[PDB]
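Only one chain is included here, represented as structure tokens and corresponding to the form deposited in one PDB entry.
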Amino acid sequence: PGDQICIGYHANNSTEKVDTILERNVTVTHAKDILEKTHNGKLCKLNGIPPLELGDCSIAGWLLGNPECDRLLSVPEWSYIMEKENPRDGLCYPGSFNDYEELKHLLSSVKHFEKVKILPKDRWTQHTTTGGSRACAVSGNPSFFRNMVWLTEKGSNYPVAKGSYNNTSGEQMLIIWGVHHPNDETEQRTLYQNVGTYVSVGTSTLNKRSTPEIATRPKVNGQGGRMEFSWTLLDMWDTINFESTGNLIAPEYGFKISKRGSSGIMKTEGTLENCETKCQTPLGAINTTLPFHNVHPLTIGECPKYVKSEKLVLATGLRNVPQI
């Protein structure tokens, strides 16, 4: 009965399971889970920079200056934008916003605006500029989008309205304007005196015109009329010209793009909490060094890669085999 040497292998108390091609649910001595499945349930600052929290406002409500959005009249640099699925405060005077999704897509690469008073209201000397609507009422009185100017008849006249701005701000500038489509003729006359009007906008590359449409529509926020808004990115050193015999909704401001970068609009009903992260999802923030996550496909920041998997566990050790 001689001396012996035996060759063998490690076993421990591990109950870590992995799958293979030939066999599922294999117990191994060591394993590496490579899938992050948890998040903190909060909306957070991203690298110290807070999102822009729109609250009840839509992108349109913000940029037009819906008076219910006044907290947003001046905002600092943001890391992402939080918008609700169906914000209440958008076009308070009802209507439409041309190429609105394209504008929202622009916002994914913008991180700050400087709002510039490009066409000061006081300079419309031949027109009334105090026009508002019960649809945008403030403290029980008719009012209007803060960033826009409703030009109307003055002394029963509406001379040709012309305004011009040369973008000397040093960056591309977002400019919005509108055309009022009245409910009826009494409205067209009381507001603009003229009939058969138009609104013309021209830059070096854009030539866009509207003739207003008088037509009976269902009331929205109490109004049968509509304001159709449009926008352009005015290049540096380019000039925008407005010209109108009536129905023009003029911008008073332009939004100079003051910071560019990777950003985005996150759809959420939640509110910003006092927390910090490198990777934000609509469900909450992720803090992991794992290469994959399965939390949500729409993330912002420095994020793991998303997969639909319920589990991803790599075997590192060997099959954990019970003692003899």
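Whichever C-alpha set is largest while still superposing within 1.5 Å between the two forms counts as the rigid core. So that there is no doubt, residue numbering starts at 1 and follows the sequence shown.
What comes next is about the form deposited in another entry, which is not displayed.
In a superposition on the rigid core, which residue from 136, 148, 72, 174 has a CA displacement reaching 2 Å or more between this form and the one not shown?
-> Comparing the C-alpha positions, the one residue that moves 2 Å or more is 72.
Once the core is aligned, please say if the CA of residue 287 is shifted by at least 2 angstroms between this form and the one not shown.
-> Superposed on the core, residue 287 moves its C-alpha 2 Å or more between this form and the one not shown.
Is_shifted residue 278 between this form and the one not shown (CA, 2 Å cut-off, rigid core) | Yes, because once the rigid core is superposed, the C-alpha of residue 278 moves 2 Å or more between this form and the one not shown.
Rigid core fit then residue 268 CA moved by 2 Å or more between this form and the one not shown = No, the C-alpha position differs by under 2 Å between this form and the one not shown.
So the Cα-Cα distance between residue 73 and residue 181 shifts by 3 Å or more in that other deposited form; is it shorter or longer than what we see here?
-> Here the pair is closer than in that other deposited form; there, farther apart.
Between residue 231 and residue 262, does the Cα distance in that other deposited form come out closer or farther than in this form, changing by 3 Å or more?
-> Closer together, which means the C-alphas of residue 231 and residue 262 are at least 3 Å nearer in that other deposited form.
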